[PDB]
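For reference, the structure is listed below as structure tokens.
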Amino acid sequence: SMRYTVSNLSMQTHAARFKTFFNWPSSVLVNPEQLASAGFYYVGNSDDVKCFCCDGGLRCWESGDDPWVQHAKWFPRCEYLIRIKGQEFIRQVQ
Amino acid sequence: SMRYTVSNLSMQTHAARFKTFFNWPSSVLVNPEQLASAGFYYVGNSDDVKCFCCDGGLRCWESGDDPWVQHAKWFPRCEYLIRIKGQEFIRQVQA
Ligand SMILES: [Zn+2]
Ligand SMILES: [Zn+2]
């Protein structure tokens, strides 16, 4: 067996993730560009997103929700979140 | 936002983990019995499994893979692994 850190290899790029928000509702008010930058792609319902790396799923996004802060709130061990924001950032949010 | 994906905390029992392997691919030649015993549950994607305790992810399972040995190979600090098999076993595998 091999260790893996990335659940969805097909969603590793920003463009691949951002494309999934083509049919995302304008009533949500969290920006799909920022969601995509934070590792998330749209998977169903009104606003379900998953992280391509940790495979964590978040929904019921509130206006003013910060995609990176939510990622660190719920999924602090995510290796993508660590690579971009660093463990200091995560420790701060936790 | 709210999490909706499954938590490692729901996978603490052998039975709950075993249950996840209902659709485990026939082509993957490692038995769900030994996987569940070793702390792993199936995440529904391909042959990806995760440990309920250390959250380690393993894929690409090969014929004859011993899940306990693989757990010790890749995640030697896992507290579940330590509790069941011991550090003597883990050290043995690591060298
Ligand atoms: Zn993540
Ligand atoms: Zn483990």
Side-chain angles (χ1 to χ4, degrees), chain A residues 1-14 16-18 20 30 34-43 48-59 61 65-87 89-91 93-94, chain B residues 1-14 16-18 20 30 34-43 45 48-59 61 65-87 89-90 93-94:
Chain A
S1 77
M2 295 295 298
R3 183 193 222 263
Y4 77 88
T5 53
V6 176
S7 172
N8 190 341
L9 302 154
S10 80
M11 289 297 299
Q12 287 185 86
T13 66
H14 180 277
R17 299 194 297 271
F18 188 40
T20 70
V30 297
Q34 292 166 344
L35 281 167
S37 302
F40 297 119
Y41 61 105
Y42 179 43
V43 295
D48 297 5
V49 301
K50 276 194 160 76
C51 179
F52 83 92
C53 191
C54 71
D55 203 31
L58 295 172
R59 73 157 62 103
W61 289 88
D65 269 353
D66 179 6
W68 281 122
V69 170
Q70 295 300 301
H71 207 150
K73 185 151 281 257
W74 293 101
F75 315 112
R77 306 184 293 285
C78 175
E79 290 288 341
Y80 176 69
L81 177 63
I82 291 163
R83 174 161 72 78
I84 307 299
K85 298 299 290 181
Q87 289 179 329
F89 174 80
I90 302 167
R91 284 192 277 260
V93 165
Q94 282 288 317
Chain B
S1 69
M2 299 178 84
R3 173 187 196 156
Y4 72 85
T5 47
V6 299
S7 170
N8 285 336
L9 300 175
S10 70
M11 292 290 152
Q12 283 184 101
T13 69
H14 188 271
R17 303 192 296 269
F18 185 77
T20 68
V30 175
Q34 280 73 53
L35 285 155
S37 299
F40 301 112
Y41 63 97
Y42 184 34
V43 307
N45 307 148
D48 293 354
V49 305
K50 280 182 81 76
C51 177
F52 82 95
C53 182
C54 70
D55 209 34
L58 297 175
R59 59 167 54 127
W61 291 89
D65 273 355
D66 178 348
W68 277 124
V69 166
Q70 297 297 300
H71 210 147
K73 182 181 198 320
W74 293 103
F75 313 113
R77 296 164 161 72
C78 174
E79 293 295 345
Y80 176 69
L81 180 56
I82 291 168
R83 179 168 67 83
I84 301 302
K85 303 292 289 188
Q87 290 188 148
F89 172 86
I90 297 168
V93 165
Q94 284 278 312

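What's counted below: heavy atoms across the whole structure, side chains too, no hydrogens, waters or symmetry copies. Indexing begins at 1, ligand by ligand and atom by atom, following the structure's order. Order of the sequence lines sets the chain letters (A, B, ...), proteins ahead of strands, with each chain counted from 1.
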(request) With the Zn ion (ligand 2) at the centre, find the angle made by SG from B:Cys54 and SG from B:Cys78, to 10°. (result)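 It comes to 110°.
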When rounded to the nearest 0.5 angstrom, what distance separates [atom1] in [X] from [atom2] in [Y]?
| X | Y | atom1 | atom2 | value |
| --- | --- | --- | --- | --- |
| A:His14 | A:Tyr41 | NE2 | OH | 15.5 Å |
| B:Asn45 | B:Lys50 | CG | NZ | 11.0 Å |
| A:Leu9 | B:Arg59 | CG | CZ | 5.0 Å |

(message) Centroid separation under 6.0 Å, is that true for the rings of B:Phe40 and B:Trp68?
(response)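 Not close enough - the centres of the two rings lie 6.0 Å or further apart.
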(message) Checking one value in my table: which N/O/S atom of B:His71 lies closest to the Zn ion (ligand 2)?
(response)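 Going through the N, O and S atoms of B:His71 one by one, NE2 ends up nearest to the Zn ion (ligand 2).
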(request) Check whether any N, O or S atom of A:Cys51, backbone or side chain, sits closer than 2.8 Å to the Zn ion (ligand 1). (result)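 A:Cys51 does place an N, O or S atom closer than 2.8 Å to the Zn ion (ligand 1).
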(message) Taking backbone and side chain together, does B:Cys53 place any N/O/S atom at a distance below 2.8 Å from the Zn ion (ligand 2)?
(response)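 Within the cut-off used here (under 2.8 Å), B:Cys53 places no N, O or S atom near the Zn ion (ligand 2).
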